[PDB]
Every structure is written in structure tokens, then in C-alpha cells.
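Take a look at the structure below.
Values quoted throughout were computed directly from the atomic coordinates according to the rules given, and no laboratory measurement underlies them. FYI the Cβ positions are ideal-geometry reconstructions off the backbone, even for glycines, and counts take in every protein chain you see.
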Amino acid sequence: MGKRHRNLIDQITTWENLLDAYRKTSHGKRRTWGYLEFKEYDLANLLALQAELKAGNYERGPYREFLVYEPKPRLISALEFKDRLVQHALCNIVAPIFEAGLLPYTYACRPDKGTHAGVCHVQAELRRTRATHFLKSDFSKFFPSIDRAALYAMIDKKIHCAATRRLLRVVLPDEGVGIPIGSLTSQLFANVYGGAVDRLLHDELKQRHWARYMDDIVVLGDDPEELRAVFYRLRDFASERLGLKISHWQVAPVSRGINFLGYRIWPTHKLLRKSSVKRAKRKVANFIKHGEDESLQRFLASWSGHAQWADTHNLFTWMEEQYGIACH
Amino acid sequence: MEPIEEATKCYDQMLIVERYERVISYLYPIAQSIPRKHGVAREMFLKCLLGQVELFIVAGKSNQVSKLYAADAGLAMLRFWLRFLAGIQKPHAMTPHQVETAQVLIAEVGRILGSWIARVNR
Amino acid sequence: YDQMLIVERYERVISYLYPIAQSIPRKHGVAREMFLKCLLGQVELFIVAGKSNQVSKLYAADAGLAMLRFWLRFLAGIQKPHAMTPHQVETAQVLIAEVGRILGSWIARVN
Amino acid sequence: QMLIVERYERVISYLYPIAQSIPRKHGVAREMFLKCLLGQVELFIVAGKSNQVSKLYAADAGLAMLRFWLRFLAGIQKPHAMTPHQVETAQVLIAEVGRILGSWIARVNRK
Amino acid sequence: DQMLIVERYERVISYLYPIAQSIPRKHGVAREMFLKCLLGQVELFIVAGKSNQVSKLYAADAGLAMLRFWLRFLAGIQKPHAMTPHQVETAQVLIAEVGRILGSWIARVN
Amino acid sequence: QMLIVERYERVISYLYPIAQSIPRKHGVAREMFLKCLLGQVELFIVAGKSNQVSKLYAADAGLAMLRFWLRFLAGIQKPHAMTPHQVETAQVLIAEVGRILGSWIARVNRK
RNA sequence: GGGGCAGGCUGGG
RNA sequence: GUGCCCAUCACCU
RNA sequence: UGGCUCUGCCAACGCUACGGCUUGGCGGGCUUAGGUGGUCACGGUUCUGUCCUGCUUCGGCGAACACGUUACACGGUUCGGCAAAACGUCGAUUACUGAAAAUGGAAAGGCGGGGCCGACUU
């Protein structure tokens, strides 16, 4: 939007934006110590935050680092509501000036693209193109390997406002190799970072059938030797340019199924991943033999959304036959 | 920056009040819809609805279980007011649905008050 | 000091909020009367606090300031007619915060 | 004993219609009668969250005050009074609540 | 006993309530406060009788004393007069009667 | 007591005319001021019977609140109701009842 | 032999 | 703790 | 918001310090977002059944019953045509301006499809 973006700290600290950031930061978190300690003097707090950001004295408070194992052993560093609000106020001005240069086929943490628009893009781009083959790649430890230095050569070919840049550099220092997972700022900058490989797939390499979801990159082909080339070129790039090691990759015939984004995406069907089933199966079974068959309806309604995309009719019949509960 | 601190920060009082603000935000509109007549009942309902926040707040800052039970008595009085505004108020005041909705919100605040009473009682 | 200072700083809250609290339409009259009793009645909370030094009295002064902040939130919500505009809440919260600072220092002094 | 409240809520259901009826003329009496009638629920509720006989006696005092209000509103003059029937046919309702309160007081007193 | 005081105080109310409704709108706060002191002292007596702390029998005395204040205050409140010096004399007699009963009751408890 | 109230009657007799001059606009502040002014008599009276110093400090808080009300009516009320002179004369009368309250506080906390 | 599912038993919780 | 979806809950256009 | 410490008028519960006040009618004035859940980006050991043990481009992907791993049928996940524009992106925080790009600042062009235009369906 002008290829210069050279006055964003004026828009980041607009009261009208910090109120959006505030409502975005509090959305869902209105039962937390952070919201409720902030809510007290909310607009006086946003007036001392606006005026911290406007001054260039905003300093990001220390990450409260816990860790959960239920999804996967992570290393989740939280931020204070003040800090998640500053991040929300950045990523209301700064996000749409990055998320607009993200090629259409990056499906992570950008509005109107999702897990579900991505799996659909892959299935779709699998049906059209009649892909005989596909390269699926994945970045080792993506966030904990993002350069935070060649990231700020992309967060700086676009921000050009030398105060947004210094707010971006408070909210995420320009030195190290570790974009924190559990930052709104970081979802964005990882999509941006990876977006570099998108513009080594789509720009260089002239790959027109792909999808990237944050660190996972599907690349439908037709010649499996070309897709192995593409991968080699993608890995060499993302290693030399971005410091990303490719954990897993494969160049499978579209027949193995593209284990993309929680689904297994053939042209014709889209089985979800067995993990999801087993987790859900077990979750349901537990709910039954826990007397919690009323929160199960809420869980079921949820998983009925994660699976309305997938070809889970058979599975939904099967789960209705095993426990009776109204899946769909 | 460090958000403007109140003293005696009680997570439970802050949480209960934010959840009770939803009771107010629901009931205050339908407390203000109560006609001119039934204005004393309304004023008394509004003083029970909007004045329960003070009961929670004083319970939070003056960490004394008495003020928490006074908060419980007020929530029970607010539950009465739902009963009253539904049944005894004649034009209508509160549609049966609205009592069902409000009772859910007050129940949420009831849960939090109960947990808070319990955590203090230990 | 202490009680005298807190009240003079709280007089600024009243000086700001009493005009706002007198503008609340008779419609929101119970809210207004309760807001005015919370605003003008927090002086009594401070006054009692500096006549005892019972730190519980300065905590119930904090509860009153917290109730006053509720009232700001609430009166900014009240959609019928309307009252404390989000700005008026912002300005008032700054004043109450200055009173909050003084109350906090006073609580700590007593501690 | 929470049949008290649900037996008192028929006192309210009887007395509230004729308490709203009390004209603006007798407005202070009405507001105080309505606060006695609708506010006796709080008296019962506080009694039932404690089972302290003090709160049970306060509930009794409120029922006795409500009986006063009936006799007062009887002689309030004009086509604005509580008709002698209503005074009697509410004292019956309050008496039922009075019986339960008495039993409840006794239950607590002889633990 | 609460029954006796209240029946004698009902005479105070029956005299003063008409007078306390005649207190001008100008002196409306004083009137509504006087009415809440007048009707409302019944609750003070009733609470004193349906319990026993003596403190409640003193709060009844304080209310009667506050009612006596209100009489003297309303007598010569302003140019919108409220209670004539006479109405005060009549009311003070009735309040004195309930004062005597309250005193005897305080004594019988003490 | 008796003498404190007789000296506070002078405060009321001075301030009540001032409180009745407050325009309709500031009617709720007036009602609240009048309930602070005319309602401090009850605070003195209840201390007079129930001699507990707790009731005596509430009388002091009420006098201090009445002094706030003078501050408030002189300035914070936008048409500064009480003229600065009237605050001076009122504070003299409140000071006289303050002296008596102080002596009474001292007489009670003799040991 | 390895492997997954559902139950054994023990921790976490 | 972060985002993406799903469900349900209020509430008027 | 059953207001008004508010007036004019008329009455009468009444109260009057005899002025009024009270009270009643009667006019006028003042009066989509959020909440809550729940998907997607705890194990350890032997045992008893139960099935798999296939694939590989050597990265890994599976399997073990969602069992036709699939509602075997498509989601506007449609089909064409374009790609001018706008968008994106590189050109570029470049040329240019100006001492300095300094919170100015292009473009030609190149690359996209994200866009466009129909068809058919939604």
C-alpha cells in the first residue's frame, strides 16, 4: 500500500486502534488476571500505553513461560495483557501490510484463509492440475529457528516507519534465532518469514500449485523428479537464506495422501488424521465413562466442525453407532 | 507501563464483577423496561442489580468472608428479583426466557462466588 | 497529608464526575443516584480511613474507588439515553488512578 | 427452611399489586412498604445463609413491620387505602410466613 | 412490649403523617426524610421487640429523638413552613407518650 | 447527645437554607447534601444513646463529610452554590460541633 | 520379532 | 499463552 | 424510568404561622460485538484380546478399522476466457526531489492471481 508504509506508529497508537487492540487482546481472555487487572483502569491504561508507544518508551514485559504437553510438549511463553495488547496494536497496522504481500497460497494466521481454506486449496489444486505427485515439506523447529535478523530484513522492506520498526524490535528483538511461539506478533512474522519460501516457490521456481500453512508446504506436481528438484531448491534456500532445516519431506504420488493441516487430502476425499480420530474417539469414550455426556455435546459440536470438511460421514455414522450421540 | 494497579487485588472479585457486569448488562436493560408503574420495584431491583457490584467489590478488597456471604445474599436477592420480575410483576417485566437467560448469568456469578467463598473458607 | 491529600486528589474525581453524574438522564436515575452516592460517598470512605488508620478502612476506600471504576464502565455501557462517554471514562479513570496511586501509597505507609 | 421464601413470595404476590397501587400522595409510605415487602426476601435469604437466630429475629421483625404496614396502609385515607379485606387477606399470608418463621426460630433455639 | 409502643406510636404516625405529607415540596427532602423517620420508627420499635439487644431498644430511642429533632427542625424550617409550633406541641405529646413507654421498656430490660 | 445536637441545629439552620438554594439542576447533590446535613443529627443522636466510641467516630466522619459538602457545594457544584463566605460561617458552626464532638470523643476514651 | 487399536496395572493428574 | 475454525449462548437490525 | 425543591388553573384527604402548603385532577415548561466451550497448528510398563507389518523417490510415509481408510460425491475446493486495470510482488525504502530522504517519493518494466469477465451452479 504505497510500498513504503512510512508512518505506522501514528496508526498503531491511534486511540481508535489501541481500543481495537484492547478489544482483540481481551477477546476470550475476559476471565484472566491480565484482563481483569487491566480492565480496572482500562482506558487510563491504554492512555499510558498509547503514550508509551507514541514516545518510544514501550518496553515489552518479560515472557511468562510455561509449557503444555496436551497438544505437544511446547514452550509457551505468555505475555502480559499490556504486551499482548501492544502486539495486537502492532498486528492491526503491521499485519495487513505483510499479510497482503503473502502469496494467495499461504494459509496460516491470515484472515479469510485458514486450516480449512488451506486443505481445500490443496484438495482443489489436487483436483484441478490432476497432480500425479506432490512434495510435502515441513520446517524442523520453525519458530525456534526463524532468523530474527533475516526476519527483520522482511519486517523492514515493508515497515519503513522507523518507530514501528523500533516497536517491532521491542516486541521481537532483532537478534537471535527464535521467534517466540505464543505471540501474535510471532504468528505473523513466521508467516512472513516462511513467505520467503513462498516467493521462492511461486516467484523463483515458478511453482503454481502449492500451499503453505506456516511451516508446512505442499507442492503438487506431475513430475516427481521436478518436485524433488523444487524441494532441494526450497531446502537450500530456506537453509542458506532463512536458517530453516527441513525436518520431514516427501515426494509422494497423490495416492499417499497429503498429510496437510490435520487432513489427509486426496483429490477425491479428505480423511482427517488418525491422531485426530483417536484423540476424539478417546475423548468421547472418556466423556461417556466420566458422566460428562453434556460437555461431550459441546466437544462433539466442535469436532463436528473440524470434521465437516473431512470425509467423516462413515466415521460420524460409526461414532453414532458406538455411543449414540448426535454427531452431526 | 505496568497497568494502573488497584490495591487489594482479588482475582475472584475482579472475575466475579466482570461476570456480574454481564448480569447487569442483561438485566439492567430489562430492569429499565419495567414500566413507570412498578418504578419502586424497578428502583429496588436496580439497586439490587447495580448494587451487587459494590457487594462483590467490598468483598474483594475487604478480604472478610462476611462480605462474601453478604455478596451471596445479594445474588440470592437478585435471584428473587428475577422470580419477582417474572411472576409478580403484572404487565410482564421479564419474559420467561429472560429469567432463564438471567438465571444462567447469575448462576455463573454464583459459581464464581461459591468458588471464592470456598477458597477463602480454607 | 494522607487523608487531606487523598481527598483533594479525589475532589478532582468528583469535580470531573459530578458533572457527568448529574447529566445521567432521569431514565438512568437509579444508576445516577447510586453513582452519585458512590462518587460523593467515597469521600466518607477516605474520611473514615484517615480517622482510624485501620488498613481495612483504606481497603474499603479502594473498594469504593473500584466501585467508582465499575460505575464508569457501567455508565459507559448503559445504552438507553447514555452517559460517561468512553472518553469521559478515560479522563475519569486517570483521575481515579491518581487517587488510586495515593490510596496505594497510603495503604503501603500503614502496612 | 426455604419454604419461607416461597410462602412469603405469595405475600409479595398479594401485597405488591396493592403496594404499587399506593398513590404518589402516599409515596414515601409506599416506597417504605415496598422496601419492607420486597426487602423481606433479603431478610429471609440472609437468615437462611446463616441460620443465626439474630437474622431469624430480623426476619420476624420484618414480618411484624409488614403487619404494621398493613395496619398503617388501612388507615391511609382517601380512595387510596388498603381495603379492610386486603389487610385481613394479607395478614393471613403473612401469618403463614409468620408460623414458618416461628417454627424456624424454635428449630434453631432448641437446636 | 413492642405491641404497646407500636400502637401508641401509630398515634404519632397518625398525627404526623398527615402533617409530614403537608410539608411543602420545597422542603421535600426534609419531608421524605421526616416521613422515613416517622414511618420507619415503627421498624425500630418492632426490631427492638422481636429481638433483644437493648442496642435495638436504644436505636428506637435514637429514632424517637430524631423524630423530636425533625419536629423542632420542621417548626421554623423556612418561609414554606412545615410544622406549626402547635403541630409540634401536639406531636411532642404523642412522641412523649411513646417516649415514656420506651423509657419504661429500657428500664424493664435494664 | 443534647448540646452537640443543639449546636449542630445551628449548622442545619445555616446550611439548610443554603441547601434549598441549590438549583433543581443539582437536585440529587442537594438531596444527598440534605441527607448528610439533616442526617448527621441522627449520627449525633445515636451516639448519644449507644455511647460506644464507634458511633462517635461515625458522627465525626459525618461532620467531616459535611465539611466536604461545603467544599463540594463551594466550587465542584458548577454554579458554586455555597459562596466562600457561607463556607467560612458554616465551618465555624461545624467547628463548634466539632469541638464538642472532640471533647466527647476524649471523655469516652478516658481509658 | 516389530506395529496399532481396546481393555490389565501403576505413575502423572 | 498464540492463532485458525466449529458449536452453543445472549442481543437488536 | 410511578419525576420536578414547577408553574398557571380548578377542586378537596387534609394541614395551616390564614399567607399558604399538601394532595388530586387540569394545561404549559423541564425532564455487529461479546460470552462460553471444543477441534487443528500426559504417560510408563507387562498382560489379554484384536488387527497391520505395507510402502519408499530412502527424506520418510503409512497400517492396525472412519473400512469402499472416503456420503466414491462434491463443496463455488466449478469450468472456460483474460490478466488491461486494481491488488500483490520484485524493480525500490531505487530513479527523482532535496545538503541530506530527512517518518518524501515514483514509474517503465518483469513476475503472480489474489484479480477480472462470462458460463453453469451456488
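Take B:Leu55 and decide whether it is within 12 Å of the chain's Cα centre (by Cα), in a helix (DSSP H, G or I), under 30 Å from C:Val94 (Cβ atoms) and away from RNA strand G (no atom under 16 Å from the Cβ). Considered against the rule, which asks whether it is within 12 Å of the chain's Cα centre (by Cα), in a helix (DSSP H, G or I), under 30 Å from C:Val94 (Cβ atoms) and away from RNA strand G (no atom under 16 Å from the Cβ), B:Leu55 comes out as yes. Given (1) free of Cβ contacts under 8 Å to residues at least 24 places away in the same chain; (2) in a helix (DSSP H, G or I), identify the lone condition not met by E:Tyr15. It fails just one condition, (1). Taking segment C:95-105 as the range and being surrounded by fewer than 20 Cβ atoms within 10 Å (Cβ to Cβ) and either within 15 Å of B:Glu2 (Cα to Cα) or within 8 Å of chain A (Cβ to nearest Cβ) (or both) as the test, the residues that pass are C:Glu98, C:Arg101, C:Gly104. Check D:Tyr16 against each of (1) more than 14 Å from chain E (Cβ to nearest Cβ); (2) surrounded by fewer than 18 Cβ atoms within 10 Å (Cβ to Cβ) and name the one condition it does not meet. In the conditions (1) more than 14 Å from chain E (Cβ to nearest Cβ); (2) surrounded by fewer than 18 Cβ atoms within 10 Å (Cβ to Cβ), D:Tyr16 misses (2) alone. Checking each residue of segment D:24-39 against the condition of being under 15 Å from the mean Cα position of the chain (by Cα), buried (at least 22 other Cβ atoms within 10 Å of the Cβ) and assigned to a loop (DSSP other than H, G, I, E, B) gives at least one match.
Which one is nearest to the other protein chains (Cβ to nearest Cβ) among residues in segment E:29-52 that are polar (S, T, N, Q) and either over 11 Å from the mean Cα position of the chain (by Cα) or not in a helix (DSSP H, G or I) (or both)?
We begin by selecting, within segment E:29-52, every residue polar (S, T, N, Q); these are E:41, E:51-52.
With the extra rule that they be either over 11 Å from the mean Cα position of the chain (by Cα) or not in a helix (DSSP H, G or I) (or both), the set shrinks to E:51-52.
Values: E:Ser51: 4, E:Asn52: 8 Å.
That would be E:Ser51.
Could you grab me the full set of residues in segment A:68-77 that are under 26 Å from A:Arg169 (Cβ atoms) and of a type outside the set (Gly, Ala, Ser)? Walk me through how you get there before you give the answer.
We begin by selecting, within segment A:68-77, every residue under 26 Å from A:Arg169 (Cβ atoms); these are A:74-77.
Within segment A:68-77, A:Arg74, A:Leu75, A:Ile76 meet the criteria.
Kindly state which helices (runs of 4 or more DSSP H) lie completely within segment A:216-328 and contain at least 2 residues that are away from chain B (no Cβ under 14 Å) and more than 13 Å from RNA strand H (Cβ to nearest atom).
A:224-240, A:274-288, A:313-323
Each row is one residue, and each column tells you yes or no for (1) more than 13 Å from RNA strand I (Cβ to nearest atom); (2) in contact with a helix residue (DSSP H, G or I) (Cβ under 8 Å, 6 or more places away or on another chain).
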| position | (1), (2) |
| --- | --- |
| A:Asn17 | yes, yes |
| A:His27 | no, no |
| A:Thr32 | no, yes |
| A:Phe38 | no, yes |
| A:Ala55 | no, no |
| A:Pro73 | no, no |
| A:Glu80 | yes, yes |
| A:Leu85 | no, yes |
| A:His88 | no, yes |
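Only a single criterion out of (1) within 14 Å of chain D (Cβ to nearest Cβ); (2) over 29 Å from D:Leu43 (Cβ atoms); (3) surrounded by fewer than 18 Cβ atoms within 10 Å (Cβ to Cβ) is not satisfied by E:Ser55, namely (2).
Yes/no per residue for (1) assigned to a loop (DSSP other than H, G, I, E, B); (2) crowded, with 22+ Cβ neighbours inside 10 Å; (3) among the polar types (S, T, N, Q); (4) more than 14 Å from chain E (Cβ to nearest Cβ):
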residue: F:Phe44; (1), (2), (3), (4): no, yes, no, no
residue: F:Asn51; (1), (2), (3), (4): yes, no, yes, no
residue: F:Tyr57; (1), (2), (3), (4): no, no, no, yes
residue: F:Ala74; (1), (2), (3), (4): no, no, no, yes
residue: F:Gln86; (1), (2), (3), (4): no, no, yes, yes
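Out of the residues in segment B:89-98 that are without any contact (Cβ under 8 Å) to a residue 60 or more places away in the chain and more than 10 Å from RNA strand H (Cβ to nearest atom), state the one that is nearest to B:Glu18 (Cα to Cα).
Pass one, segment B:89-98, residues without any contact (Cβ under 8 Å) to a residue 60 or more places away in the chain: B:89-92, B:95-97.
Next cut, more than 10 Å from RNA strand H (Cβ to nearest atom) only: B:89-92, B:96.
On the way: B:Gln89: 28, B:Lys90: 31, B:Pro91: 31, B:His92: 28, B:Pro96: 25 Å.
Per the criteria, the residue is B:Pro96.
In summary, A:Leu272 fulfils each of the numbered conditions (1) within 7 Å of RNA strand I (Cβ to nearest atom); (2) without any contact (Cβ under 8 Å) to a residue 12 or more places away in the chain; (3) surrounded by 15 or more Cβ atoms within 10 Å (Cβ to Cβ) with the single exception of condition (2).
Any idea how many residues of segment B:1-12 are more than 7 Å from every other protein chain (Cβ to nearest Cβ) and either within 10 Å of RNA strand I (Cβ to nearest atom) or outside any helix (DSSP H, G or I) (or both)? Qualifying residue count, segment B:1-12: 2.
Conditions tested, residue by residue: (1) without any contact (Cβ under 8 Å) to a residue 40 or more places away in the chain; (2) touching a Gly at 6+ places or on another chain (Cβ under 8 Å).
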site	(1), (2)
A:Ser145	no, yes
A:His160	no, no
A:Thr164	no, no
A:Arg169	yes, no
A:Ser186	no, no
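Quick check on segment A:140-165: of everything there that is closer than 24 Å to A:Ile76 by Cα and either assigned to a helix (DSSP H, G or I) or within 14 Å of another protein chain (Cβ to nearest Cβ) (or both), which residue is nearest to RNA strand I (Cβ to nearest atom)? I'd like the intermediate steps shown before the answer.
First, pick out the residues of segment A:140-165 that are closer than 24 Å to A:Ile76 by Cα: A:140-152, A:155.
Those still in the list that are either assigned to a helix (DSSP H, G or I) or within 14 Å of another protein chain (Cβ to nearest Cβ) (or both) too: A:143-145, A:151-152.
Values: A:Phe143: 9, A:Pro144: 13, A:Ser145: 14, A:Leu151: 13, A:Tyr152: 12 Å.
Result: A:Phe143.
Are any of the residues in segment C:58-67 among the charged types (D, E, K, R), in a helix (DSSP H, G or I) and under 30 Å from F:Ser54 (Cβ atoms)? Spell out how you get there, then give the answer.
If we filter segment C:58-67 for residues that are among the charged types (D, E, K, R), which is where we start, we get C:62.
Checking the rest, the ones that are also in a helix (DSSP H, G or I) come to C:62.
Checking which are under 30 Å from F:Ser54 (Cβ atoms) leaves us with C:62.
Looking through segment C:58-67, at least one residue is among the charged types (D, E, K, R), in a helix (DSSP H, G or I) and under 30 Å from F:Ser54 (Cβ atoms).
For residues that are touching a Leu at 6+ places or on another chain (Cβ under 8 Å) and in contact (Cβ under 8 Å) with a residue 40 or more places away in the chain, scanning just segment C:73-87, find the one that is farthest from the other protein chains (Cβ to nearest Cβ). Only one residue tops the list, namely C:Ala83. The condition (being surrounded by 13 or more Cβ atoms within 10 Å (Cβ to Cβ), more than 8 Å from RNA strand I (Cβ to nearest atom) and more than 29 Å from A:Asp138 (Cα to Cα)) is satisfied by just one residue among A:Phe287, A:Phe237: A:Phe287.
When segment F:88-111 is examined, which residues are found to be of a type outside the set (A, V, I, L, M, F, W, C) and assigned to a helix (DSSP H, G or I)? Within segment F:88-111, F:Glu88, F:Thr89, F:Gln91, F:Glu96, F:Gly98, F:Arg99, F:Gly102, F:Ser103, F:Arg107 qualify.
The residue pairs whose first member lies in segment A:28-45 and is more than 7 Å from chain B (Cβ to nearest Cβ), whose second member is in a loop (DSSP other than H, G, I, E, B), and whose beta carbons are closer than 7 Å, counting only pairs six or more residues apart or on different chains, are A:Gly34/A:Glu80; A:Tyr35/A:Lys29.
Tell me the helices (runs of 4 or more DSSP H) entirely within segment A:1-53 that contain at least 2 residues that are under 24 Å from C:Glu98 (Cα atoms). Outline the logic, then answer.
Working: elements: A:8-12, A:15-26, A:33-39.
Of the helices (runs of 4 or more DSSP H) lying wholly inside segment A:1-53, those with at least 2 residues that are under 24 Å from C:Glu98 (Cα atoms) span A:15-26, A:33-39.
Checking each residue in segment A:125-182 for being among the charged types (D, E, K, R) and touching an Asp or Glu at 6+ places or on another chain (Cβ under 8 Å) picks out A:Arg130, A:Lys136, A:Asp138, A:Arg148, A:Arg165.
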